[PDB]
Protein chains: 4
Amino acid sequence: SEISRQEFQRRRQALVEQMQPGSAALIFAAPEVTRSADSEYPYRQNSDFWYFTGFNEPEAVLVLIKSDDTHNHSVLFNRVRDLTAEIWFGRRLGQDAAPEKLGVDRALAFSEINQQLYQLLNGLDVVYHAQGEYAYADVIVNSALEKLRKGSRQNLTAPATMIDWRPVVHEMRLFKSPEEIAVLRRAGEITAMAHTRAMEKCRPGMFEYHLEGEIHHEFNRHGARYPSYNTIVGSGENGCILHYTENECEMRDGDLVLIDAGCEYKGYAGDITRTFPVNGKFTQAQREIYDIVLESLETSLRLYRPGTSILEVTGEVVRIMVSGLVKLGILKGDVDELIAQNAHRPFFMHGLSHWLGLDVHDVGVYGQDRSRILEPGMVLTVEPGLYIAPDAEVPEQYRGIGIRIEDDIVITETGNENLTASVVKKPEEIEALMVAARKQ
Amino acid sequence: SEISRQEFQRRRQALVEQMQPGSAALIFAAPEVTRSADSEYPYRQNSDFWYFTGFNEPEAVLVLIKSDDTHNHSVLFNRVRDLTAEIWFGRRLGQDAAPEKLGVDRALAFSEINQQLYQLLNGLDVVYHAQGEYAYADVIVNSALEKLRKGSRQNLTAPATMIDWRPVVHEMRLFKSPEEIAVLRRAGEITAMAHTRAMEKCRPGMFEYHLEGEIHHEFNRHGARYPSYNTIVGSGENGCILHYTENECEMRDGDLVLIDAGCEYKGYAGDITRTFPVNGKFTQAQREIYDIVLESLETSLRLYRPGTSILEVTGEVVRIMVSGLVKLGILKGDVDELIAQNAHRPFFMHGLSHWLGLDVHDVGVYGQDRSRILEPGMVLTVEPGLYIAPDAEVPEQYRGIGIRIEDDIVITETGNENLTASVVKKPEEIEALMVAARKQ
Amino acid sequence: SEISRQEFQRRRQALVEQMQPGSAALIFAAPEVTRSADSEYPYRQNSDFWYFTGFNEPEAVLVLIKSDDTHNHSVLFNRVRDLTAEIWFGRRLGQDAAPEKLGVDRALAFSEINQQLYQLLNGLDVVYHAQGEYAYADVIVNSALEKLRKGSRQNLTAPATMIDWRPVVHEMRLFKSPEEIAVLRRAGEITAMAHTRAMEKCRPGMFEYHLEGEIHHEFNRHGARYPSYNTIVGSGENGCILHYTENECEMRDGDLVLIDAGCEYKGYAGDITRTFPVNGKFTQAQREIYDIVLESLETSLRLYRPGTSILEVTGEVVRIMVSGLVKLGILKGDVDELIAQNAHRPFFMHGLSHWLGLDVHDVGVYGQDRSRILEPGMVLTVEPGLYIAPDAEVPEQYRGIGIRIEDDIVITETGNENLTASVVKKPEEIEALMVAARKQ
Amino acid sequence: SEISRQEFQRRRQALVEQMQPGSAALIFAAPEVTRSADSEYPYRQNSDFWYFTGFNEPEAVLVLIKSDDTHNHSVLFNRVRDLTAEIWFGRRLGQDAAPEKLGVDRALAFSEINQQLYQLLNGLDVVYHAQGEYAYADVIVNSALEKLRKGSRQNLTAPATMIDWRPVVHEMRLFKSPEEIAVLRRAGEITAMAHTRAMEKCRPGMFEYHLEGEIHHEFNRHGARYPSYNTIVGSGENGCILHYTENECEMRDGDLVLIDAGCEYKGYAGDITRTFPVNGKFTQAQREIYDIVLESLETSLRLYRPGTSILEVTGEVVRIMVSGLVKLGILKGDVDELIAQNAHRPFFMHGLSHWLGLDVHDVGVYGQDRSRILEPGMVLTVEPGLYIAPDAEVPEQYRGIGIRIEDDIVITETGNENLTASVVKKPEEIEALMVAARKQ
Ligand SMILES: [Cl-]
Ligand SMILES: [Cl-]
Ligand SMILES: [Cl-]
Ligand SMILES: [Cl-]
Ligand SMILES: [Cl-]
Ligand SMILES: [Cl-]
Ligand SMILES: [Cl-]
Ligand SMILES: [Cl-]
Ligand SMILES: [Mg+2]
Ligand SMILES: [Mg+2]
Ligand SMILES: [Mg+2]
Ligand SMILES: [Mg+2]
Ligand SMILES: [Mg+2]
Ligand SMILES: [Mg+2]
Ligand SMILES: [Mg+2]
Ligand SMILES: [Mg+2]
C-alpha cells in the first residue's frame, strides 16, 4: 500500500480548484538538518510538500499556477543533475525526468529560483504561501515580491494578496482517501507487530533501550525505516514521564514498562502505547490501575463514530477514571463533585485523542476543547492513561505506576475501525503472550 | 568504558591553563532540531560542549572564567527544574544538583543568561567564543558585549579581544587520552560485530535496508543507540555512490554489497566499511578489483606509524592501485606516467584517511594535502576504494563494481593498533563466514 | 493652509470603507535614524502613516479594525508619558490625550504592542500590512500572527489573508483633496520665492553652497523647515549631473547654474528647477540650448489636461528637442528618423514628469511608459532638460551646458494650474531680475 | 583650516604601529540612510572611517595590513567609475585615482569585496574589526572568516583573534593634533558668529524656528553646510526641555530663549548654548538664575587645566549652584547637607562637560564619574544649566525658567583656551548687543 503519482496529482488539482483565478501556490521542501559538524540527520521531507509530490529531495519548490478558471499548470524547482554531487551523495531526479516522474508540467533548476520565481508571480493577484514555516522560503518569496513591487519601469506587478494555504491544505489532510487509510492500516499492523515483539522479548535485567532496539528492527524489516517519533520505553517511575525517551534504565522484576512507539510508513505515522509487566505478571495494584485505563479505552472504542466528538468521549472517560480512583481510595469524595473539579487531572493530564497522519500529531482543526463533530475519514488516536507519581498522596501501593494504552482508529460510516487491535491489551491476553514467550 | 566526571574536569583545566588571565571561555550546547512539525530529532549534543561536560541537555552554556594566573572558576547555565516540563519531556539536572554532578563551581538558570552573562564578562580582557557555529549563541554573546560597550555610565567595560577557542580545543580532541582510546576501541568492536552480523544475514532478495536494520539492532544491543552517520548499504551499481543512503533496492544474486556503518558509543564514532558478495562468492572480476583495494589497506596498515603522514601512505596506495588497474587493462600505459597524471582518480576519488573521534570526520589540522606528521594518540580511518562506473570505458566485466574496505586505527609509539580487525576482510575469510551462515 | 484632524479622519474612513469586514489595517511609523554615533537625523514620519494621522512621533502604530460592515474603530499604539524622557528629548502625546487630539477611538502604549496586537487580530479574516517596508514592523506583525497560529489551545485564530494596502492607499494619495492642493500651492509659492532669492543673490565667486544657504533660509522663514530633497546647485559642468549635491564649487563668470530645490511644507513637496547665468547674462550658446528647454516646458504647460498623458506630452517634447538640436548641429539627420532612434537620449535622459505629494517622487501608478490618462486632482512636475557633456561630439560652444526648467502643476477640469509660475523662466525676465538685483 | 592627506596617512600609520604583526584592520564607511521612500538624508560619513581617510563616499572599506613589523600596506575598496550612476548621482573617485588622491597603496571595487577580502585575511593571526557597528559590515567580515575557516582543502586559514580597534582609535581621537584644534577653533568661531546673529535678530513674535534659520544660514555661509546636531531653540517653558527641537512656538515678550546649536566644519563639531531675553532685557528673576549659571561657567573656565578632572570641576559647580539656590529660596537648608543629598539635581540634571570632536558627544574614556585626569589636547564642553519646571515647588517667579550657557574649550599646557568666547555671555553684554540691534 502506497500513494501513487496519480493521487499526488489529484491532490494538486483539488488545491487548484480551491484557488482564485490569477494566482500561484508555493510549496517548499524541508531544509536538510545538521546532526553534528558536517553530518546531517536522515532527511525528512516537509509533510505538506510530500502530500502534493511524494518527492524526497531538498532544494525543491512546487509552484501551482492558476492562470484563470480553466487554465492551470505546475512548475517544479529541483536540484540539477550533477555528476560529482551524485557520485558522492546520491542520485537526483533532475529537470528532464521530473515532469514524467512526478506528473508536473515543467521543471527548472533550484539554483535559478531567484531569477525565475518573480517572473511566475508577475501580474498575479494572489500568492498562496505558508509564511513563517521556513526562513529560507520566506527570503525567496519576499525577494520575488520585492523585485515585482520595485519593477514598475519593467512593467512588473506584485500580487497584493497573500493567503496562507495551510488551513485549506490541513483540512484536506484531515480527511483520508481510501488509499491513505490502507497505508495507515499497514502502519498500524507494522507498529502492532513491533509492540508484540517487545512484549515477547522483555525480561527483567534488560535495558529499556533493548526494547527500543527490537521495535526499530521490526519497523525496518517491513520497510518502515524510521519511527514517526522518538520511541518511549518507560519502566517503573519512568512510566510517569509522558514522553520519556532516555530509555537508559535496567528494567526491574516487579515494575511495569510503558512502550509508546510508532513507525513511519510511506510518510504516515503509527502511534501505539502498550503497558505491561516486565516479569510477565501484573501485581494486584498494577492490575487495579490497568483495568481503569483499559475500560476507558474499550468504552472509547465502542463510542467513537460519526456525530460524536473527542470532547464528548473524553467526558465518558473522565467519569470512568474518577469512579475507579474513588473505588481504590486514590480520590476521595463524591464522583460528580470530583468530576466538576477535574480531580482526575493529577493522574490523567493529557488529551484522549489526536489526529493521526503524515504527522503523528496530525494537522486539522479540533474545535474548541476538541469539540469538532467527527466524520468518516478522520483518523485519530485513543490513549487514556493514569500516572501515579512516586510521591503522590495516595495509598502507597499505587505510587510510581504509569500506564497508558493507545490505539489508532479511523472513523467510518458505521463507527470506527481499530488499526492497531492486532497487539493485545486485555491483561489476561498480555500475561498469556508473555508466559508463552518466557517458556521459549 | 566511558569518560568520567574527572576527565571532563581535566579537559576544562587544560583549556583554562591555555587561556589568558582576565578571560572567559563560552561553550554552548546544540539547539534542538525539528524533524517535522512539533516532532524533533533525537538530541545530539554539540561535540565540543560534550567534550568539556558529558552533559546531554539543550539550553546550556559552560562559562570558564580565568580571573588571573592562579584563580579560575566555572559557571553552568542550564534549564531549571520545572514540574510540568519534566512530567512531559523528562528529568532535568537543574541548578542545585549540577555543581556536584558535573564538577562545576556554580550553576544558574538558562532563562537568566541575558541578565547574567554580561556581568561575568565585565572587565575581562578576552572572551573565547566559537563565532558562527550557532546563531542563537552569537545573539547571546553579541548582546552581552553590546551591553558592556554601551554601559560606561554603569562602569561596565567589554573585553576588546575575542579569540576562537576551536583551534586549541580541536588540537586537544586530536590527541586521545587512554580512556578515549578505550571508548573508541569499544566502538570499533561494537561496529565490527554489526558488520559481521550483516555478512552472516545477507541473502539475495533481501533489501539493502534489511542489513541496515541488522546493523542498527546490533549497535543498540551493546548500548550504542544511534549510528555516528547515516548507514550506507550500496549493492551493485549503488556501491559506486560513495555515501549512498537510500538503501532501497533488492540485493541481487551476483552483485556485491558495500556496507559503510558505524556506531556512536559514549559520543565517539566507529566507521567501518566492508564490501562482500551478496550470494557469498566473489566472481573473478569482483575478486580482481577487491584484491587491489585489500592490498592497499593491508599495506597502509603495515605503514601507519609515528613519523609518517596520510599523504605519504596515500602515495603508496596510489601506486598499488595504478599498478593493479594496469594489470587488469582498466588503465593503459606506463605506471609512473599514469601516477604523475593522477590517472587513478576516476576510480579512487576520495581521501585514504580522516581523523576519527566525537565526530566521524573528526576535528584537527591535517596540514597541506594531509601532510601532517603522525604522532601517538591520533585516531584515523584507512579506507581505500575502487569504484568502476557502469559506463566506464574499461573491460565490460568491471563496470558497476564499487568496493571500499575501511578500518579504524590508533597511532601508537610502535605503529598502530587496528580497532576494527575483528570483522574479516580477506576474501577467503569472507566467503568462509558467509558459507557457514548460509548452511545455517 | 494645512491638513486638519477631520481630514485625517476622513482618509481613515475612506480606507475602512474599502476594507473587507472582519479585518484590520496596520500602519507603522518611521523608525528614528542615526546620523552619527548617538546623534540622529531630524525625524521624518513615514508618508503613509502621516497621511492617516498628522502625528510626528516614532514608536507608533495605527490599527484600523473593521469588525463588520457597520462597525469599525481605531487604536493607536504610541509612546507613554515619561517625565525623564520628556525633560530630555521632548513632549509626548501619550495615551490620555491621543483620542481627542488625533480623533482615534483608543490609545495604548507602544511598549505593550506585542501583548496587545495579537488580541486585536484574533479571529479576523484579513490583515492589511505593507510587508517589507520596515523590518521592525514585519517582526511585530509576524510575531502576532505566529502567536495566533500556534494558539489554538487558547482558542486563538490567525487571519489567513494578508493584503498590501499600499496599492489602495497610494491611489488615494494620487488624487489630492482641495485642502491638499492648497498646501501644495503654498509649497510651490514658498519654493518659488526661494528660487527668486537665489537668482537675486547669485554673483560670480560665490560658492554653489551659498545659494543652497539662501534657499534653505527662505524655506525656513515661511515655516518649511526642511527641504523635500537634497538641494542641487550645479554650476558649469556640474549642471550636467542630474542630482549633483556636492555644491562645493566656486561659481564662475560665464557659466550657468542649475538650481533644483524644493521645500517640505506640512509634509508636502515642492520641486522647482531654474537654470540661469551666474553673471546675469546668457551667452548665445547658452540661450540657444535654453530656448529649446523653455519651448518644451511652455508647450507641455499648454498641453497638460485631463485626457492626455505624460507619454503623449513627452512625445511632443521629444520632437521639439530633436528639431532644435538639428537646427544647432548637435544632432544630424532627418528629424523623424532621429525621433525613431531616440536620438535625443544622450542629451535628455530622464522623464518629463513625476507625481508630486507627500513624497517628491510621489506614489501612484503611472501605467506602462507613463501612459496613464490624466484626471483632475493629479499633481505632477514638468521638467524638460538638456545636458551636453563636456566631451560630447557636438559643436564646441555647447559642451558642458546643463539646463533644466521644472514647474509643479495640478490637473484641473479645464487644463492645469501652475503652482510655481511666480518664479520667472523666460530668459529676458531672468536677465531683467538679475540686472535689477546686481544694481542693488 | 582643514585636515590634509598627509595627516590622514599619519593616523593610519599610528594605528599600524599599534597593531600586531600578521594582522589587518578593517574600517567601514557609513551606509546611506533613507529619509522617505526613494529619498535619502544627506550623507554623513562614519567618524572613524573619516578619521583615517577624509573620504565622503559610501560603499567603501579601508583595509590596513601589517604583514610583519617592517612591512605594511593599505587597500581601499570603493565604488567603481560608472558613467550612468555618475550622470545621475555624482562623481566617484574610482580605483585608478584613489591611491594618489587618498594616499593608499591599492584600490579595488567594492563589488568585489566578498571575492577579495578573505584573500587579504588568509593566514593572518588577528583581524581588527568594530563588531556590532554596522550589520552590513558584520555580514562581510563574518562571510570572509567563514570562507577561511571552511577552506582548509584550499589551504586557507582564518585569523583566530578579533580585536575591537575602537578603544585604541577612540583614545587617538581624544587627543587632538594642532591641525584638529585649528579646525575646531574655526568651528567655534563659525558657531559663535551664528549665535551672535541669533541674538541680534531675535524679536518677540518671531518663531523659535526663525532663529534656527538664521543660525543655519550663518553656518552655511562660512562653509559649514550642516549642523553637528539638531538645533535647539527653546523659549519660555521649552527651555526646560534639554534637547527641545520642535522649535515651533512663537517667542513671547518676557520669556527667555535658550539656543543650543553647533556647526559641523570639516567633520568637527561646535557646541554652543546661549540663553537670552526675547525682548532684550532680563527680568530680575531671570537675571538671578542666570547669574548662578554664569558664575558656574566662569569658575569652570578658570579651573579647567591639566591635572584636574570633569568630576573635580563639577563639585565646584554644584556648590555654586546649591549656594545660589539657597540664597533665592529655591532650596532650603544647610548648603553642605544639601550638597550631600545632591539637592541640585531637580534643577541641574546633566553632566557639566563632554568631549568634543568628530562627534559632538565625542569618543574617549571618561573614567568613573568622569574622574579621568585632563591632559593637553583634550577638547570638551562646559555647560552648566538650571531648569526650573513650570510646576516646581519654588517661589513662583522662577517657574518655567530654563538657562544653559555652553562654551567649547581645549586643554593646553597652561590651562585652557576658550574656542567660543567670541559670542557674549555676561548679561550686561547680551543686553547691550540686543539694544544695539533693536535700534537697527
Ligand atoms: Cl540546482
Ligand atoms: Cl495533549
Ligand atoms: Cl531555564
Ligand atoms: Cl575525502
Ligand atoms: Cl511606550
Ligand atoms: Cl526619470
Ligand atoms: Cl563598485
Ligand atoms: Cl549628561
Ligand atoms: Mg503515543
Ligand atoms: Mg499519541
Ligand atoms: Mg565510512
Ligand atoms: Mg570514513
Ligand atoms: Mg527637481
Ligand atoms: Mg522633479
Ligand atoms: Mg549643546
Ligand atoms: Mg554639549
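Chain A is the first sequence line, chain B the second, and so forth, proteins listed ahead of strands; every chain is numbered from 1. Read the numbers this way: they start at 1 and go in the same order the structure lists the ligands and their atoms.
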- Query: Does any N, O or S atom of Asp260(B), backbone or side chain, fall under 2.8 Å from the Mg ion (ligand 11)?
  - Reply: yes

- Without hydrogens or angle criteria, can the side chains of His129(D) and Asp138(D) be said to hold a donor-acceptor pair below 3.5 Å? yes

- Considering just N/O/S atoms, say which atom of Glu406(B) is closest to the Mg ion (ligand 11). OE1

- Message: Are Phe219(B) and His217(B), when compared by the centres of their aromatic rings, separated by less than 6.0 Å?
- Response: no

- For this output row, return yes or no: ring centroids of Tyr387(B) and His350(B) closer than 6.0 angstrom. yes

- Taking just the N, O or S atoms of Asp271(B), which one is nearest to the Mg ion (ligand 11)? OD1

- Item | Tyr41(A) ring center near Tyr41(B) ring center (under 6.0 Å) | yes

